[PDB]
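First, one chain by itself: the form deposited without the ligand, in C-alpha cells.
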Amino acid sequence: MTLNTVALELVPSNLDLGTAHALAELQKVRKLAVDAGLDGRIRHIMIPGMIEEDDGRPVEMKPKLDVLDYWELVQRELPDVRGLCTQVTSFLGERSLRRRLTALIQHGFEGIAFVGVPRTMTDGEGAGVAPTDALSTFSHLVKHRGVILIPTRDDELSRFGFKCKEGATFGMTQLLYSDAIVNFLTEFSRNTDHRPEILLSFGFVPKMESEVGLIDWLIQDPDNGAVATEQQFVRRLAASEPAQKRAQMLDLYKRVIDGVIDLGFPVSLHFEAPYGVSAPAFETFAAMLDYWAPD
C-alpha cells in the first residue's frame, strides 16, 4: 500500500543516440552505482515524462526516447529495479489518457505521478485532463497516483490538501534545498487528516552549476523569498569544494529526515542528478542513505 522506496531518476536518453550507445550509458550507470555502494539499495528508477518544446531551460534539450522505449532498455541493463514514471495529463483527453496509462501499467510501471501544464482554453480547443481529475478517474488503473509537492509554493497547504482529497496517494517534492518541507508537513499534519506518502527529492549540485545555472532555473519562483534562500544555498554548494559541499548537503538531508519521519507520513526517497548521473552524485546519495533509508 506504500512504496517505502528509494528511487533514482533516470532521464530518457536522446533519440539520436541509438540502441548500442543507449545501453552503454545504462551500463555506466550500473558501474557507477556498484562503485558507490548503491547497488542493493535503489528499488525504483523514476523515469520522467516529456517536454517536447523548450521552456527557457539553460541546457540544450534534444529529443528523447518515450518513457516506454527507455524503460525497456532500463530493464535490460538494470534487471533488479522496478519502475516509476511521470505523465503529463493536460494535453491528452480522457480516452487517450486511459490508453496511455493502461500501456504504462501494462508495461510494468508501478506508480505514476500525474503532472499538469497550464494552458489556454480561451482558444486551444479540446479539453485535456487536469491532473487532479485524473487522480479520481483512473484510480482503478493506477494504485500509486502521485502529484508534485512544492512546499515553498504559496497556498501549497490548500493545493496539496485538495490533491489528497481528489485521490493522490503520494507527493513527490520539488528538489529540496532548504528544510521548508519540515514546517510544511507539520502544518499539513495539523490542519488535515491526509497522510499521503512523501517522496523527498534531493538533487546533486556539481560545480558546473556555477556556469550553467540549470538547478537555479529548475527551482525558480518569482518573489518567493523561501526559494530565494534555496537558490543561495545552491550557489554556495556549487562554489564549495567537494568536502564542504558534501557536508552542507548531508546536513540539509539530516535536518529534513529528522524533522519529517515522525510526522506520520510514509517517507520515500527520490535522488536526482539534473546534470547527469556521476560518481560524486552517487557518493552523495550513498552518504544520505547511510544516515537514513526506508525499511
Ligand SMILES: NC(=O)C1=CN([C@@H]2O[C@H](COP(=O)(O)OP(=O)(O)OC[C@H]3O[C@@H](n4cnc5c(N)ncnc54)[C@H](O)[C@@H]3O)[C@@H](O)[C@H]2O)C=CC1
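Start at 1 and count along the sequence shown; that's the residue number. So that the term is clear: the rigid core is the largest set of C-alpha atoms that superpose within 1.5 Å between two forms.
As for the form deposited with the ligand bound, it is not shown, yet the points below apply to it.
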Non-hydrogen atom within 4.5 angstroms of the ligand in the deposited complex for each of 159, 163 and 172: yes
In the deposited complex, does residue 94 have a heavy atom within 4.5 Å of the ligand? no
Taking the ligand as it sits in the deposited complex, is residue 121 near enough to touch it, meaning that at least one heavy atom pair lies within 4.5 angstroms? yes
My question is simply whether residue 116 lines the interface with the ligand in the deposited complex - judged by any non-hydrogen atom within 4.5 Å. yes
Touches the ligand in the deposited complex: residue 221 (any heavy atom, 4.5 Å): yes
Which residue, 203, 128, 206, 131, has a heavy atom that falls within 4.5 Å of the ligand in the deposited complex? 131
Only one of 215, 150, 74, 101 gets a heavy atom within 4.5 Å of the ligand in the deposited complex. Which one? 150
Heavy atoms within 4.5 Å of the ligand in the deposited complex: which stretch in 75-83, 178-186, 151-159, 191-199 meets that? 151-159
Give the option from 190, 195, 119, 76 whose C-alpha shifts by 2 Å or more between this form and the one not shown; the alignment is on the rigid core. 119
Direction of C-alpha distance change in the deposited complex, residue 134 to residue 119 (at least 3 Å): farther
Say whether the C-alpha atoms of residue 123 and residue 162 sit closer together or farther apart in the deposited complex than in the form shown here, given that their separation changes by 3 Å or more. closer
